[PDB]
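Structure record follows, encoded as structure tokens.
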Protein chains: 6
Amino acid sequence: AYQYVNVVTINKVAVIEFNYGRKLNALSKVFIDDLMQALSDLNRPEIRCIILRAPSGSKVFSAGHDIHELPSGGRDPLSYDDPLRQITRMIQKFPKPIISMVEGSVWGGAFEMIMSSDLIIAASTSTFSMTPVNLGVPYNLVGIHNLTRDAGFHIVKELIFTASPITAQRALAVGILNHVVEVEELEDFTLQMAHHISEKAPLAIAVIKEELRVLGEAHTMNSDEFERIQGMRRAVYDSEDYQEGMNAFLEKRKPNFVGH
Amino acid sequence: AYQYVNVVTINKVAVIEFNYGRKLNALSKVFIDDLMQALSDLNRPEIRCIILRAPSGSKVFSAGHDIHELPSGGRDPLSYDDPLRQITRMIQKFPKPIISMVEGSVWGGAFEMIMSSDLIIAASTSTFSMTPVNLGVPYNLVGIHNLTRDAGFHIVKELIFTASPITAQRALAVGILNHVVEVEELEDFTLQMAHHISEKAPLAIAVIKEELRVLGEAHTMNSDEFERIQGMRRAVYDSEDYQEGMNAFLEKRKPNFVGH
Amino acid sequence: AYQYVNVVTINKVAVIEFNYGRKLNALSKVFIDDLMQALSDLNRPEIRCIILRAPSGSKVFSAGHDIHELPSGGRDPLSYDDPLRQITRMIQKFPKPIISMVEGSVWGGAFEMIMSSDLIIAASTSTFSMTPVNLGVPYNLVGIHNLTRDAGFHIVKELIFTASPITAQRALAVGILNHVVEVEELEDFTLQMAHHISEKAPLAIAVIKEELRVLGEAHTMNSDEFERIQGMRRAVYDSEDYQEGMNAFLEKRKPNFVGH
Amino acid sequence: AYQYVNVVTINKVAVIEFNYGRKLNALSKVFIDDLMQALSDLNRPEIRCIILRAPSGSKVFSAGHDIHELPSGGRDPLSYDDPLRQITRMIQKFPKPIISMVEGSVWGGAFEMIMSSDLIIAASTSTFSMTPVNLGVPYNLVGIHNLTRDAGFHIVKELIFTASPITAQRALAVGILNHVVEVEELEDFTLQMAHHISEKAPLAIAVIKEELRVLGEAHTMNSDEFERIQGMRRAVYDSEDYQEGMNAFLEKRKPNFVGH
Amino acid sequence: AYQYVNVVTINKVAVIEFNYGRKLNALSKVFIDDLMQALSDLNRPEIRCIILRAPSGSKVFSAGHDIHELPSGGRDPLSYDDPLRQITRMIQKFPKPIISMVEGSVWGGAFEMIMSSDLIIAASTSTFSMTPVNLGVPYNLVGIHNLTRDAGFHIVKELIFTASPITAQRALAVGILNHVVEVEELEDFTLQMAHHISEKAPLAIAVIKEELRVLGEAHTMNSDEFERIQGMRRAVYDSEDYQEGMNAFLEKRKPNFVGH
Amino acid sequence: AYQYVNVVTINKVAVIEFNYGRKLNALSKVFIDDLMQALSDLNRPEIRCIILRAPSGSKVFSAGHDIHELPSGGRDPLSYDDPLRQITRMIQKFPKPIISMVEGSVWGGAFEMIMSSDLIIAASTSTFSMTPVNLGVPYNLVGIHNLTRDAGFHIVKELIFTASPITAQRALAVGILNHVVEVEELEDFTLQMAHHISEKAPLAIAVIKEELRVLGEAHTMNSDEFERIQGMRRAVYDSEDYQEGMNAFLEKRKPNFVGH
Ligand SMILES: C[C@@H](C(=O)OCCNC(=O)CCNC(=O)[C@H](O)C(C)(C)COP(=O)(O)OP(=O)(O)OC[C@H]1O[C@@H](n2cnc3c(N)ncnc32)[C@H](O)[C@@H]1OP(=O)(O)O)S(=O)(=O)O
Ligand SMILES: C[C@@H](C(=O)OCCNC(=O)CCNC(=O)[C@H](O)C(C)(C)COP(=O)(O)OP(=O)(O)OC[C@H]1O[C@@H](n2cnc3c(N)ncnc32)[C@H](O)[C@@H]1OP(=O)(O)O)S(=O)(=O)O
Ligand SMILES: C[C@@H](C(=O)OCCNC(=O)CCNC(=O)[C@H](O)C(C)(C)COP(=O)(O)OP(=O)(O)OC[C@H]1O[C@@H](n2cnc3c(N)ncnc32)[C@H](O)[C@@H]1OP(=O)(O)O)S(=O)(=O)O
Ligand SMILES: C[C@@H](C(=O)OCCNC(=O)CCNC(=O)[C@H](O)C(C)(C)COP(=O)(O)OP(=O)(O)OC[C@H]1O[C@@H](n2cnc3c(N)ncnc32)[C@H](O)[C@@H]1OP(=O)(O)O)S(=O)(=O)O
Ligand SMILES: C[C@@H](C(=O)OCCNC(=O)CCNC(=O)[C@H](O)C(C)(C)COP(=O)(O)OP(=O)(O)OC[C@H]1O[C@@H](n2cnc3c(N)ncnc32)[C@H](O)[C@@H]1OP(=O)(O)O)S(=O)(=O)O
Ligand SMILES: C[C@@H](C(=O)OCCNC(=O)CCNC(=O)[C@H](O)C(C)(C)COP(=O)(O)OP(=O)(O)OC[C@H]1O[C@@H](n2cnc3c(N)ncnc32)[C@H](O)[C@@H]1OP(=O)(O)O)S(=O)(=O)O
């Protein structure tokens, strides 16, 4: 029923498997629109737990935001109705637990997407990179906030400022992952936990997830502080460095950033 | 001088030992009223540090909220004056450190109670479960907030959505516990730390504890968000699933949750 | 040049080395004024990353606030324009990453200072203590907040209430440090990471750092709560214990705290 | 068409006239559901401005909440999905100006309803009463906040604590009303203002209205403060005085309030 | 029963009359202690409304804070435990309405005290001044907040920056006062209103008063902004101008302020 | 001196007279840069109060934002470093009182500018309008908040949704203006007040002004709410209606708005 995902439901658990490997499951508008439609279709009383996964043996879980669809004009790359911003809101408001079951490497916006989900179970060979400083992208407040609820600030700043991949073992040690398992155990481990969750009280799960959502969002600031930050972000997405980040990716070369 | 607790004072350290083993130290009104009286009586200048403990050899530290005192149908089970809500506020506002020294298994409200205390030192054989989703309970905002200050969101969501016990070793790894020790060393280790804290400046301890309390609570939201969450909670504590959770527990059978 | 720091630039990396070993790099006004001048001088487009370090072989990284410079009594010791409060604001608002490269022991205000920096890389032999309860000091809200973004509340309360040192290995485990390395490798490891960060997009790093700073501060409270805390702090800095803490340190004896 | 309202369109202006005079336009569930449907149906680009009115000559604009439909005992009378709570949210979120055009007396929930609208224009003979203290009702935070954006706190407390009606002339002087007009000029005056607003930029009006709505709601508090207020409200809606207020109103006698 | 106040009970209304004419009802610690004891004594179910008043015929309602009890310099003059701060908190938290009935001139902290009360009814000859800029006093955030809930910002700034007295008629027009009456009618007009309030539901009044209090306080800021303000206040109470303002009053001369 | 302003100092009062009459004191960058420099140059201890005025006899006080300089492409017209946004921040942070002394008509951004100042004294013939809905402009959160601290919400909505001029008498009645005087008395009245203020304690005035500024700004919201509002504002400044409003103004014709 979907071009870019495959859904299998057994009992009360649904697995949403990405079907966009020819583009390394990059978060293009057409891929995200399918993922959201699939989730909306599973918002039914008889579904109690969702798993998100890439196909078995994927080297790349998701290559993150489709760099071709990043606006290189004068507009904000991560506005409120950007597909990545829509799917993280939808995951976080969804009244059922969503488990990210990760095999392969996770990049940029896709790292934010799994951090927005409720649990992350990962193969021992998976790797995680947060990439905006590679491309000159001024990541937005909501998007950065979504990266701060698991690991501490010093770890988050290392991940962002270096853009270096971290292993699953390190991602477990710093609090980003729930569980790391050998890849041959990943599906069996994840289905055991999803089917267990699906026997618990769904209305209690939904209200507790929504309470955590609101508490997690409840770092408040005044209008002047947000407008000041928006001005700073606009100076970045208007920058020569932002154009250079995109151009360098599309030309398959290393960017030369100059601080303008 | 209390029916349900025993208090020992060693210089500047007070040990409050539960005496409600016939009910597995369940957080009944009569038990919590004695605990709160004991704490109030120890709010004196020559006391500097409190330890909360179950008796030596306890299999169960606390079975959590007394399910017989949970209101069935229509009343908020976790309103502001509920005993569990009163004791977590009292622990958090108490101007001396309160150390939970844990032997045995810890369940639901009792897990929130040790999470509200300042330090947790646990036996290597202790276990920890958060149980609302077993019973259909819409846990309240303040109570959920009290579970978010140590382990990250993904870990808290695993504990709540699974209601599965975690070991002391895992609870240490994820940041819930301060120390794990062999049960034979638990009392000596905890008293050594309490005596050490009691040599320090108590007015500085009290103000720093209060600063951490107000900073930990400073996740603010507007009245409409709180009323929306209260409406969601009422729908859960009015639900068939909430009645089925209570009944299933009291009848020792597996609940059948249907999502209304 | 500077009397109390030495600055070296290697390509786009600047290393600020303390030069106040005769006072164990205590945070005196004259030392902090030099550190702040050196940091302000390095806010240039050809500088991409800052390392703060003590001299190679230092037993003591920093002994913390200069206890001679604490007000005698009846005056807030951690007011907004105190040197420690100035340097942490400056580190946090600085538009380049600041890495604390730690060899030796870290005490009190100096622990808050490295916690305010972006990344901490430490020698396997370094140690960390938070000391206000040794001296009777009512640490301020901003200062305490700066200690809560890495490790959990129970961990922070143990560090503050015991004032006991922790090892680099424990500091790694609880989320305070990024990396622990053998002292012989510390400089090479830190420089390699700083050089790596120096090729990334500086405007993206600066706006993301500022987004994290704003989100990290966005725990808000009403005026009454702040004034209530300030009144509690004033009762501490007016106390006999505060005078006894100061006196004991200078006279080189154990304080006798009495709770007034 | 609608059973309980009549809608007329004059170019870009829609007038919604109450048709529930046999029950003095009391805010029963069936009347509010019709009013909300009529508003929803007018959320189309060719409508620019809404007027809410009672029929010409009405002695009673609205008698407020239907006292028969108030939750009888132990149930929150102003929960999130109560009709009065739903209509005020809808009015405030509606992307066109809504003008309350008032002829006759306004009572209780109907006063909060016109206060939630964007402008109020009233007949010189109209009167206004806020009545919960007559019935023993614990008015909810959102509802009280809606009464606080026009007149000062001393004026709102006088209105609520006395439940005394005020004249249109006094309501204008204290800032509740935009305009007071002779009854035979009311309809003409209101329509010329609605037509004038309808010539202005609708997307600008919508975003400015929504900005005012969020700034008006942005009085934020922590969870414990909300739960404490909810507990106090529950003690009121559980009180004998709350029963006495309802019963006295329905039996047409003076209530005897005793303070429990 | 009190040295410095006289209490009369009329049915369910209590009238607390100042008896400190010798010092023009300046808010000395001992006067405020009796006023607070009198309030505490009246916190009984048989009392439904309080009036605060000066004696009949008073030229001065209250000369405001006792200038002789302000500190000489280098100390916060309006700390949390100051008598003016205590009495405004107690009036705002008191579960019965408190009406200020004003005959005579109102100065400084006494103007804040009546503003903290629920309703103000004043004689046509009464006058109102806010005086901190006459004395060089840095008024505190809570205190300034208490002046902003009735008149608009421009009016409040005029009152504070000019320290010029305003008439009762002007105070009515700008929203400070509920009612202005001829002095011969003041006592019976105020009592008629207090008797009317005393017939209403007291639990409903108490919860609505508490809801208004927390909504009024719910302007939230981060710790850094509060500490920044406190630093600015400290510069003022450390200033030569603060000492000049205190000296000029003592010496009965016009202060010469210089901005240091 | 300054091309676009004239400054006269009388004792401790500085009168800043607009000198941009050929564009009716529209807020061009060149005019605002001169006003800000003149204000900065007056930040000296010997200056105690500022008056902002148009030239004596002016029909137009200020024609508002320069519509030729409004980003007429598709970028934010009211971004953080726009001249109107800069001058309102500078007026509000300025440590001396700033009185707007108004003769003539005040439009749009110029209305926000006088609302941001401390006191407004106006000629009886002056008039005031807020005009964004004439041009299709999505006024920003900070700008809208600057209009909400004097009159109530209903009055602000009437001013904005109608864009109709109000008289000085109406502006006084609704709490926008401090005083209205005959045009012949305007200088005498305003200078008498400015000289009176100039006798008072400047450090007390500066800290109380900053306390009001912070309290006035302290309506806080979460990142998601800000980003949602920014998305809505962008849809408006990208609209055909925004282009129509600008074109219509340039072509001296009535705009025809269509809701796209
Ligand atoms: C903006 C946010 C964001 O999420 O940005 C994207 C962040 N993602 C990345 O930076 C990952 C970039 N890609 C890679 O690092 C490598 O391509 C990986 C490791 C994903 C795969 O390497 P592999 O050797 O297996 O195969 P190639 O590199 O040769 O790429 C395969 C094809 O997919 C394109 N591709 C990869 N990622 C992509 C892609 N995110 N978009 C479009 N296109 C792609 C890539 O350009 C190539 O295109 P062609 O077929 O035209 O040669 S933020 O977080 O950074 O702020
Ligand atoms: C609602 C909140 C809360 O805190 O709820 C309570 C959560 N606590 C639990 O769910 C613990 C449930 N109990 C157990 O798991 C086991 O009873 C325990 C493991 C603690 C120990 O098991 P053990 O084999 O030693 O002996 P039994 O299960 O056989 O029970 C012994 C008696 O104690 C009662 N009991 C146990 N816990 C209880 C009890 N929290 N109350 C009343 N009653 C009990 C139980 O109903 C039984 O009663 P009878 O002797 O009358 O048959 S929330 O966090 O979940 O939202
Ligand atoms: C107020 C905040 C704060 O940061 O407070 C300061 C916190 N710092 C400390 O508590 C560290 C206290 N010092 C020590 O633990 C030891 O002195 C150190 C361990 C770092 C190393 O000991 P070591 O054996 O190597 O050599 P000494 O102890 O013999 O001291 C050498 C000289 O340095 C002085 N000293 C050390 N720290 C200091 C010093 N922060 N100031 C002034 N003076 C000192 C100390 O008093 C001695 O002075 P003399 O010249 O009189 O011998 S808070 O965070 O606690 O609230
Ligand atoms: C709970 C909130 C709220 O909104 O509550 C409702 C507040 N409303 C009032 O307090 C209005 C009370 N009513 C009046 O003051 C008078 O009825 C007015 C002036 C509205 C109408 O005067 P009039 O002489 O024309 O005719 P009656 O009093 O003779 O009543 C006509 C019929 O309408 C019923 N009625 C009036 N208001 C009502 C009614 N809000 N509900 C049901 N029923 C009614 C009342 O019970 C009577 O019914 P019967 O025909 O059975 O005798 S809160 O804000 O107070 O918290
Ligand atoms: C600091 C805060 C505050 O509330 O400060 C106090 C604000 N109040 C004032 O500034 C009012 C100051 N007083 C006056 O303006 C006049 O004294 C009054 C007008 C109120 C009445 O004048 P009158 O001519 O009738 O008779 P006197 O001036 O002769 O004063 C009678 C005695 O009362 C003392 N007095 C007046 N107000 C006072 C007094 N607030 N304290 C102590 N003492 C006094 C004053 O010093 C004098 O003392 P001796 O008998 O020793 O001469 S803040 O809000 O300003 O920031
Ligand atoms: C975006 C914000 C804002 O402030 O927008 C602007 C709001 N302002 C207005 O709507 C006022 C527009 N101006 C007028 O309506 C009229 O000019 C008034 C009534 C003020 C005065 O009319 P009058 O016939 O006496 O003499 P002119 O129209 O001839 O103007 C004199 C010179 O200044 C220019 N001017 C006037 N207002 C202006 C001007 N806001 N810009 C540029 N330029 C101007 C105008 O175009 C003319 O220049 P030229 O001599 O080159 O033709 S918001 O608040 O609306 O959102």
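All heavy atoms count here, side chains included; hydrogens, waters and symmetry mates do not. Residue numbers start from 1 in every chain, and the chains themselves are labelled A, B, ... in the order their sequence lines are given, proteins ahead of strands.
Both the backbone and the side chain of D:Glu199 come within less than 4.5 Å of a heavy atom of chain F. For chain F, the nearby parts of D:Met115 are the backbone and the side chain; heavy atoms of each come within less than 4.5 Å. Heavy-atom distances place the side chain of F:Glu225, and not its backbone, under 4.5 Å from chain D. For D:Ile121, no part lies near chain F; criterion is any non-hydrogen pair under 4.5 Å. In this structure, the portion of F:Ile160 lying under 4.5 Å from any heavy atom of chain D is its side chain and not its backbone. Only the backbone of D:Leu177 comes within contact range of chain F, with at least one heavy atom under 4.5 Å from a heavy atom of that chain.
In this structure, F:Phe161 and D:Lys209 have side chains that are in contact, with non-hydrogen atoms separated by less than 4.5 Å. In this structure the side chain of D:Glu211 never reaches within 4.5 angstrom of the side chain of F:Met232, judged on heavy atoms.
When the candidates F:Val137, F:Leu147, F:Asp241, F:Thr220 are compared by the number of heavy-atom contacts under 4.5 Å with chain D, F:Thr220 comes out ahead. No other option in D:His219, D:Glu210, D:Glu46, D:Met193 has as many heavy-atom pairs under 4.5 Å with chain F as D:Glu210. With chain F as partner, the option from D:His179, D:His196, D:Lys200, D:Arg48 having the largest number of non-hydrogen pairs under 4.5 angstrom is D:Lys200.
Side-chain atoms of F:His154 come within 3.5 Å of backbone atoms of D:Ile176 as a donor-acceptor pair (strictly under, hydrogens ignored).
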